[PDB]
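Chains as they are written, first to last, in PDB author numbering: chain C, 1 to 558, 577 to 617, 622 to 680; chain D, 1 to 558, 579 to 617, 620 to 680.
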Ligand SMILES: [Cu+2]
Ligand SMILES: [Cu+2]
Ligand SMILES: [Cu+2]
Ligand SMILES: [Cu+2]
């Protein structure tokens with residue numbers, strides 16, 4: 001509809017008042033909808049822009065809900081989905097946008113609010129609403145990169161764009177190359193993971209997760225099947241993928257934060273400038289120490305001890321094997337629901353059975369690490385990147401904080417009974433082998449390289465002359481490839497299986513093969529998909545671009579929604595080649611299947631699907647300790663599994679997007 | 001001439017290329033004078049600008065000097081006069097700009113050079129050039145604030161302006177209020193001196209000083225009479241004025257940094273962002289450590305030891321009573337020249353007799369203090385505010401560092417013989433009285449308050465739509481006043497005398513009458529001028545706005581000197597007690613042999631005048647220890663001196679400037 005299309009205009013040029021031209025349209029804003037600054041000159045000011053557009057969009061003045069709480073955050077402040085106050089403020093706004101009777105009253109409300117609410121907040125809230133409302137499904141939202149490039153882009157380029165757009169005529173403007181590996185030099189060994197930590201797709205992924213599984217909000221948008229287990233598994237796969245990258249950069253597996261009271265060795269300076277706050281992001285010096293927090297405006301008063309205490313209470317619950325809700329009853333951490341409950345406890349969503357007792361450990365850790373430079377607000381400074389979902393993953397200490405949290409999860413995991421031979425076996429199914437073929441390349445060889453892709457940023461360049469503004473981004477990529485899987489059925493009937501593909505490094509940091517206790521943690525999911533297997537032999541062909549784990553290229557670089583960005587499907591590897599163990603398992607779909615009756623089956627959207635369609639623990643079968651007598655992958659396998667050695671070659675060459 | 005006026009058009013919109021409109025004029029640029037990016041679209045550029053303009057300027061293409069050293073600092077990098085490499089670059093550029101034969105040929109060089117050189121460095125280098133060429137004398141250079149507002153105002157206003165200019169047509173635009181006391185909350189007691197430390201006038205002062213008494217450059221520009229002594233005196237009076245303000249905000253006299261190993265207690269976060277560099281001046285956390293520097297791009301590899309060695313060397317010379325030449329000769333630090341030699345050693349100007357031995361103590365300390373967050377440049381960050389003349393006075397640690405330096409100069413000062421009673425009395429001359437009169441106020445009362453002043457930031461808002469853009473600044477101000485002085489002559493002959501007026505607090509921090517050993521260092525110079533005294537009684541009236549210490553209010557807000585609105589200390593609302601002192605010294609001894617362009623013309627400009635017009639030590643008569651048996655100002659005074667209690671009142675109210 002036109003109405004749907006019009007909401008998308010609210011994303012165009014966030015800080016330009018709503019009465020200015022958006023695309024080919026203008027909003028006819030009512031007098032009482034103008035902000036205090038503009039209302040007194042309103043009729044003069046609305047006309048200047050209002051004689052440019054093709055279209056004209058009428059807005060009816062109506063009675064609106066109370067926006068005082070959403071309006072409590074300043075327009076030139078930063079927005080943090082980790083700071084409790086702000087989550088409350090966001091929760092409220094999502095409530096309001098969700099509860100508009102229909103799309104016309106949403107338009108009207110959003111048009112009133114936009115120029116009165118912090119743009120990042122507005123953008124978060126609206127997006128969450130639009131993804132979850134009945135009347136606004138479809139509706140391809142613009143990427144937050146095109147809307148706020150300042151959270152993705154070296155600050156240096158904004159004046160470069162401003163000059164280009166002012167001096168050069170539209171037909172003649174050349175694209176701006178976005179600096180890469182720009183946040184530190186060779187003296188920081190950590191700089192090497194620029195291609196991961198600072199990837200647009202990796203960071204977009206983190207944001208998207210938080211849009212679909214918000215921790216506070218109307219029940220409608222919060223309660224999703226096994227959202228606590230997803231919190232666990234999503235953060236887990238990041239670590240594993242991150243370690244994978246570390247092994248390809250002559251580095252060790254990421255160390256957890258041992259202790260909240262020891263210095264944090266990895267400084268990080270983001271080089272980002274928030275045009276919205278009109279203030280640069282603070283950085284964090286090498287060897288900084290977390291400090292007790294007292295920020296009145298933020299409403300955080302929290303000693304390091306409070307955090308340490310929550311940690312101890314959780315460990316106690318995991319070791320007890322149960323948690324205690326507010327009524328005092330015990331909820332057992334069983335083998336279905338334990339991970340889920342525990343996920344809710346640690347993130348601290350509203351689905352925490354007892355926030356008061358277990359705390360808000362994960363979020364508040366983010367705040368602590370983001371504010372080491374101004375913990376009582378005496379210097380009137382905002383938080384560093386760790387304080388924002390959008391940018392947290394750029395900072396190396398993210399991986400260390402989350403590695404630490406992952407230990408709490410691992411400690412629950414290693415208490416569950418190992419999978420038995422019986423539980424891992426599909427009878428009569430056997431997987432004789434699996435291989436990968438790239439185009440032109442040797443068998444069992446994956447290739448990586450650099451690629452430059454463009455993004456139009458015009459939508460986010462407030463107060464810049466109209467015109468395309470193409471920005472060229474350098475990012476990892478792989479050559480396309482397929483899997484070839486030999487399976488024998490031998491049952492005399494058709495057998496349905498779930499094909500599970502993971503990949504892990506072959507060796508440890510020292511060149512020695514990995515034991516299962518360790519390797520199982522390093523296994524990164526590459527595919528999961530359903531297959532009918534006919535009696536006798538089956539040769540199964542699977543292209544890398546069908547991965548249920550990833551989203552298409554275009555979903556990062558121009577409605578179907580997010581998963582892992584495709585250009586990051588494959589670890590970098592090494593020029594000389596990096597050995598990895600590729601793994602597959604075919605499990606019995608009859609046991610894995612969720613009833614999911616209907617009057622892929624592996625591709626899951628949280629917005630769309632009521633139940634996650636796999637009854638197995640996320641990360642099956644690597645989520646538990648091996649059964650007795652197993653010590654490595656080669657003796658872990660059952661006949662319905664198979665292993666393959668794979669070489670990951672990287673060529674330090676660029677290609678122009680094809 | 002018209003060429004003079006065209007040179008000033010180069011200060012307009014520093015980052016906008018010179019082929020775009022400047023003022024109501026345009027330059028016609030030889031095609032080969034365009035930069036690489038714009039030569040190809042040269043034709044589509046000449047048409048796109050300037051046809052709106054009235055004057056058009058022909059630029060003669062000429063042969064130009066080797067320009068690679070100035071070019072070696074990048075257009076989007078920061079510029080510092082403390083960094084030795086950057087100081088050398090500016091010297092070369094200055095050399096070029098002063099080596100052009102014509103004012104016409106200078107226009108051509110500058111026109112060519114502008115879009116190719118770092119804007120900060122260009123403004124600096126050209127500005128020094130213009131102030132010193134014999135053919136560009138008496139030029140009203142535009143204020144740095146107007147051209148580079150980004151060194152002077154909270155970065156939060158930049159988008160406020162950009163919105164106001166983009167949205168509202170120029171007839172209807174309102175002024176942007178510049179926030180005051182914006183760098184820190186009342187949780188930090190230092191915040192109370194926002195009106196001093198973050199005052200634009202004061203910062204402009206620091207900057208203008210370094211333009212007239214640059215420490216590297218051509219000999220013609222650097223070698224000024226007693227500039228080493230100025231350096232001591234100028235920095236000594238800043239501490240004095242600072243201390244006065246401290247005594248009016250319930251603080252103590254500033255404390256030296258004890259040394260370079262102890263953490264610096266007082267952090268500072270300036271909220272400035274450079275639009276030239278698209279980087280910040282990083283804050284400094286509380287309790288930060290001075291760290292050894294290895295900044296390769298800046299060409300600085302210096303250990304804290306290296307600085308401590310310099311300091312120990314300088315202390316050793318002061319106590320010795322001589323420094324040692326590069327050839328091994330001794331130069332004695334005597335009563336006349338000692339302070340001057342020492343000032344050149346400590347600053348380390350070119351004039352230092354042995355820079356290998358005594359080092360570059362002052363400049364390098366600044367750089368050290370500005371780099372604690374990134375001393376080896378692994379995080380690719382620029383220097384804090386202390387690393388920039390423009391901005392250094394903003395940071396509390398400026399006063400701590402300069403107090404540490406002052407202790408070294410003081411160590412020389414206390415070695416000199418007390419001034420004798422003979423040396424102080426002017427035989428026949430006797431001052432019986434001094435009073436201060438303001439309008440509408442009781443005798444012996446000064447008055448301060450707050451004022452708002454507008455400034456046009458339009459010449460400094462690159463890539464923002466043209467038109468007036470007014471910033472409203474809030475700043476201290478005093479009510480005008482006059483000294484009335486009664487002098488009895490007693491000779492039958494006319495007598496000439498220097499009138500030297502100082503002011504100090506009556507009481508120490510604890511409300512106890514101050515004693516000379518302390519008071520003398522707290523004396524703030526208020527005026528110095530020559531008078532002719534007829535035989536018998538003379539009544540001298542001297543208005544505040546005549547002070548030789550200051551420069552007109554017009555020159556701050558639309579010939580080095582202190583800004584007129586900061587002549588008088590804040591004082592207190594209940595009344596703050598001070599001692600006003602005046603001495604009439606004998607001009608026949610104070611007279612300087614030189615005769616240049620009515621002796622009563624006391625306006626001294628360092629570039630204009632070859633020699634400093636007073637043979638006495640700067641700060642006389644307070645620069646030495648008291649003669650035996652003087653303990654307090656009451657016992658110090660000779661007949662040709664006089665003392666008056668004065669009450670300094672602050673009213674917390676705001677006036678629009680009359
Ligand atoms: Cu997350
Ligand atoms: Cu997190
Ligand atoms: Cu200075
Ligand atoms: Cu200094």
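Even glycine gets a Cβ: it sits at the ideal position worked out from N, Cα and C.
Practice task
Rounded to whole angstroms, what's the CA-CA distance from residue 242 (chain C) to residue 258 (chain D)? Just pull it up for me.
Solution key: 46 Å
Handout entry: Closer than 8 Å to chain D by CB, residue 167 (chain C)
Key = yes
Handout entry: Distance between residue 605 (chain C) and residue 650 (chain C) (C-alpha atoms, nearest Å)
Key = 21 Å
Handout entry: chain D within 8 Å of residue 149 (chain C), Cβ atoms only
Key = no
Problem - Cα-Cα separation, residue 290 (chain D) to residue 185 (chain C) - result: 21 Å
Handout entry: Option nearest residue 616 (chain C) by Cα separation, candidates C:607, C:627, C:631
Key = C:631
Exercise for the section: Could you check what DSSP says for residue 319 (chain D) in three-state terms: helix, strand or coil? Expected result: helix
Practice task
Could you name the residues of chain D that residue 41 (chain C) contacts, counting a contact when the two beta carbons are closer than 9 Å?
Solution key: 168, 172
Problem - Inter-residue CB distance, residue 601 (chain C) and residue 502 (chain C) (contact presumed, cutoff 8 Å) - result: 5 Å
Exercise for the section: Output yes or no for whether 8 Å exceeds the beta carbon distance between residue 610 (chain C) and residue 638 (chain C). Expected result: yes
Practice task
Tell me whether residue 209 (chain D) counts as near ligand 5, meaning its Cβ is closer than 7 Å to at least one heavy atom of that ligand.
Solution key: Questions concerning ligand 5 fall outside what the structure shown contains, since the ligands it does hold are ligand 1, ligand 2, ligand 3 and ligand 4.
Exercise for the section: Express the C-alpha separation of residue 642 (chain C) and residue 31 (chain C) in angstroms, rounding to a whole number. Expected result: 59 Å
Practice task
Using 7 Å as the cut-off, classify the Cβ of residue 362 (chain C) as near or not near the heavy atoms of ligand 2, replying yes or no.
Solution key: yes
Practice task
Could you tell me whether any Cβ in chain C is nearer than 8 Å to the Cβ of residue 614 (chain D)?
Solution key: no
Handout entry: Closest residue to residue 594 (chain C) among C:500, C:542, C:468, C:445 (Cα-Cα distance)
Key = C:445
Exercise for the section: Run the CB neighbour count on residue 526 (chain D), radius 10 Å, all protein chains shown included, and call it buried at 16 or more, exposed below. Expected result: buried
Exercise for the section: Consider the Cβ of residue 271 (chain D): report whether some Cβ of chain C lies at a distance smaller than 8 Å. Expected result: yes
Problem - C-alpha gap between residue 401 (chain D) and residue 521 (chain D), whole angstroms - result: 17 Å
Exercise for the section: Using three-state DSSP, classify residue 183 (chain C) as helix, strand or coil. Expected result: coil
Exercise for the section: Give a yes or no on whether 8 Å exceeds the smallest Cβ distance from residue 142 (chain D) to chain C. Expected result: no
Handout entry: Cβ neighbours of residue 54 (chain C) in the same chain (closer than 8 Å, five flanking residues each side left out)
Key = 24, 25
Problem - Closest by C-alpha distance to residue 418 (chain D), when choosing among D:255, D:517, D:157, D:7 - result: D:517
Problem - Stretch-stretch touch, CB-based, cutoff 8 Å, three pairs: the segment 55–75 of chain D with the segment 95–113 of chain D - result: yes
Practice task
Any chance you could list the alpha helix (DSSP H) runs of at least 4 consecutive residues sitting entirely within the segment 136–186 of chain D, in chain order?
Solution key: 144–147, 156–167
Exercise for the section: Using a Cβ-Cβ cut-off of less than 9 Å, list which residues of the segment 172–193 of chain C approach chain D; keep chain order. Expected result: 172, 174, 182, 183, 184, 185, 186, 187, 188, 191
Practice task
Indicate whether residue 346 (chain C) and residue 362 (chain C) have their beta-carbon atoms separated by less than 8 Å.
Solution key: yes
Problem - Residue ranges of each alpha helix (DSSP H) within the segment 339–382 of chain D, 4 or longer - result: 355–358, 361–369
Problem - Nonlocal neighbours in the same chain, by C-beta distance under 8 Å from residue 311 (chain C), ignoring five residues either side - result: 361, 408
Practice task
Leaving aside the five residues before and after residue 307 (chain C) along the sequence, list all residues of the same chain whose C-beta is less than 7 Å from its C-beta, in chain order.
Solution key: 260, 361, 364, 365, 368
Problem - CA-to-CA distance, residue 276 (chain D) to residue 17 (chain D), given in whole angstroms - result: 13 Å
Problem - Residue-level contact to chain C via CB, residue 163 (chain D), 8 Å cutoff - result: yes
Practice task
Give a yes or no on whether the minimum CB-CB distance between residue 380 (chain C) and chain D is below 8 Å.
Solution key: yes
Handout entry: CA-to-CA distance, residue 654 (chain D) to residue 515 (chain D), given in whole angstroms
Key = 5 Å
Exercise for the section: With DSSP collapsed to three states, give me the class of residue 240 (chain D). Expected result: helix
Handout entry: Collapsed DSSP secondary structure at residue 536 (chain D) in the structure displayed
Key = coil
Exercise for the section: With a threshold of 7 Å, establish whether the CB of residue 205 (chain C) neighbours any heavy atom of ligand 2. Expected result: no
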